[PDB]
């Protein structure tokens, strides 16, 4: 049903300055055999970033044959290896650097993209859900709620079953969620399968760059404290939630303890998580959980412990009763 433990598989969105770019040089899809390792580890849900400009080089027009076919291939391999996939439009509420809702990118063009994504892949067994837009921020924040409704309407023309994952303003910050999220209360899903998805990192600025270590004033509950504003908003408003991104470096055991406390809190509240990140071409990336010679991935052992716990019947938090 709904797996509480999942991973991001990043690479198809890399090198945004090269459009269309070349597969194998600027961007990377999973090679053959890739999902076998993760299925063997007991991870069965993947969030998969995609670049809007590569999927649709022209607004309101057919999806790109080559790039969309690489998505086809990836979903085929996920199905072969018992993996369910959340497709993520990894675009910050922008197309070619212009905000959805401006003159150059009308909401109707965003609706068109989501229609074409759902039309092409709603019949694919490996597709689990649609994360309609990664991290709206900045000048896109005010227009994002209107764009979100258009994206919902686009998907629902072709897929009236699967969950829709709706991110929030300000990089979908979990910690700042209640500051801005009341504007999302007007969103409507006729299929009643809408889930809000927030992001959290536990470095000082919560950006995930980890410019410093935990420090002397480290609190093991830092992750819990940063998702509480989000989860409490969900409870107050009877909404369902999800954590689309969280990751830590592999070089300090204190980060692992905070990750453990966060996973325990999310488990108690039936909130799934997608670790950021695995992927076929991360190299030395400090948050990567992809196997690499000479690198230990203690985050994976922790995820595996939680992946064996019972899933919940649906996205939490549970309704008050």
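Positions refer to the first chain, counted from 1.
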_Quick check: 306-314 versus 7-15, which has the larger average CA B-factor in the record?_
306-314
_Comparing 179-187 with 83-91, the one whose average Cα B-factor in the PDB entry is higher_ = 179-187
_Quiz for you: based on the deposited Cα B-factor, which of 243, 105, 133, 202 is highest?_
105
*Whose C-alpha has the highest temperature factor in the PDB entry: 53, 260, 64, 295?*
295
*residue 286: which third of its chain by C-alpha temperature factor?*
middle
*Within-chain third of residue 163 by Cα B-factor, per the entry*: lowest
*residue 226 by Cα B-factor - lowest, middle or highest third of the modelled chain*: lowest
_For residue 26, the third of its chain into which the C-alpha B factor falls_ = highest
*Position of residue 197 among the chain's modelled residues by C-alpha B-factor, lowest, middle or highest third*: lowest
